[PDB]
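Residue numbers run from 1 in the order of the sequence given. Numbering of ligands and ligand atoms starts at 1, following listing order.
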Amino acid sequence: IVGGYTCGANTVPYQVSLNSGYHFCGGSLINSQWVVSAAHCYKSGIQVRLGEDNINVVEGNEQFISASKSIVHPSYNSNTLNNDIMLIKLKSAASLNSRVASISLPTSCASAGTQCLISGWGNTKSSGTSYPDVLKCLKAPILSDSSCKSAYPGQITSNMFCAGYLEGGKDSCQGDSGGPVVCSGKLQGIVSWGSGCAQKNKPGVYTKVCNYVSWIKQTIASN
Ligand SMILES: N=C(N)c1ccc(O)c(/C=N\CC/N=C/c2cc(C(=N)N)ccc2O)c1
Ligand SMILES: [Ca+2]
């Protein structure tokens with residue numbers, strides 16, 4: 001997260017860190033046994049880490065649980081990142097508490113202008129690299145569809161939306177992939193892609209979660 005702020009320990013209880021020997025992507029807890037992330041974050045041997053703040057220090061509220069199954073969206077296209085969403089089932093149910101909580105799925109899509117909370121352990125530098133260790137946060141509005149498609153001609157699909165600031169300075173970045181975009185208490189987006197980080201007229205692109213609620217619900221209920 002570039003141009004953001006330190007969230008504060010466990011202030012985003014649904015935020016998870018996917019670990020394969022190191023933090024590599026974010027994710028969102030949707031219920032005690034399931035996490036939603038980006039399909040481009042797929043890999044074997046994933047351990048889901050909940051109740052995390054500083055990812056390099058055991059602070060007392062963590063829960064490390066191995067993934068038992070991963071399900072990349074049936075229509076995921078790695079070249080265009082269309083349908084960049086995947087579900088991860090935990091080998092054992094997470095113990096829900098004030099620091100480890102699920103985030104509700106949307107029942108309808110969000111509108112342009114709506115303010116959302118984006119979080120993650122990604123790079124905090126617009127030019128260069130610096131990884132935080134503690135969770136970073138960023139308030140950003142959903143941009144107009146036209147603004148989004150104008151910034152990324154021919155690349156934006158109905159399953160994507162942009163959020164952030166066209167002036168630049170605030171945006172998600174490498175390492176935030178798979179993380180949550182929450183608006184009005186609903187998980188409306190997943191950190192998917194962008195061009196550089198916090199660059200002018202290059203807002204972040206997010207997976208439009210409201211388009212996948214039926215698939216998410218049906219998939220979890222059948223697995
Ligand atoms: N808003 C932006 N310009 C910005 C730019 C790019 C984007 O990545 C994002 C949103 N995604 C972050 C996840 N990155 C980690 C990651 C880790 C791995 C990995 N461990 N192998 C692979 C792909 C990965 O993407 C935002
Ligand atoms: Ca920790």
State whether a side-chain donor-acceptor pair under 3.5 Å links [X] with [Y].
X	Y	value
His40	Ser192	no
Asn83	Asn159	yes
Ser172	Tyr206	yes
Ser68	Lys89	no

Could you tell me whether [X] and ligand 1 have an N or O pair separated by under 3.5 Å?
X	result
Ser172	yes
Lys43	no
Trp193	no

TODO: May I ask whether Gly122 has any heavy atom positioned less than 4.0 angstrom from an atom of ligand 1?
DONE: no
TODO: Mark the output for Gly175 as yes if a heavy-atom distance to ligand 1 is under 4.0 Å, and as no if none is.
DONE: yes
Open item on the list: Can you check atom 21 (N) of ligand 1: any protein non-hydrogen atom closer than 4.0 Å?
Closed with: no
Open item on the list: Can you confirm whether some protein heavy atom lies under 4.0 Å from atom 26 (C) of ligand 1, or whether none does?
Closed with: yes
TODO: Anything protein N/O/S under 3.0 Å from the Ca ion (ligand 2)? Just list residue and atom, please.
DONE: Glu52 OE1, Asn54 O, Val57 O, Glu62 OE2
TODO: Tell me, please, whether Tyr165 has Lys170 positioned over its six-membered ring: NZ or CZ under 6.0 Å from the ring centre and within 45 degrees of its axis?
DONE: yes
Open item on the list: Using a 6.0 Å distance limit plus a 45 degree cone around the ring axis, check whether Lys136 lies over the aromatic ring of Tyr5.
Closed with: no
- [ ] Sequence neighbours left out, what pairs pass ring-ring contact (aromatic ring centres under 6.0 Å, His included) with at least one residue falling in residues 171-192?
- [x] none
TODO: Only heavy atoms count here, so choose which of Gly196, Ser177, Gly164 is nearest to atom 14 (N) of ligand 1.
DONE: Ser177
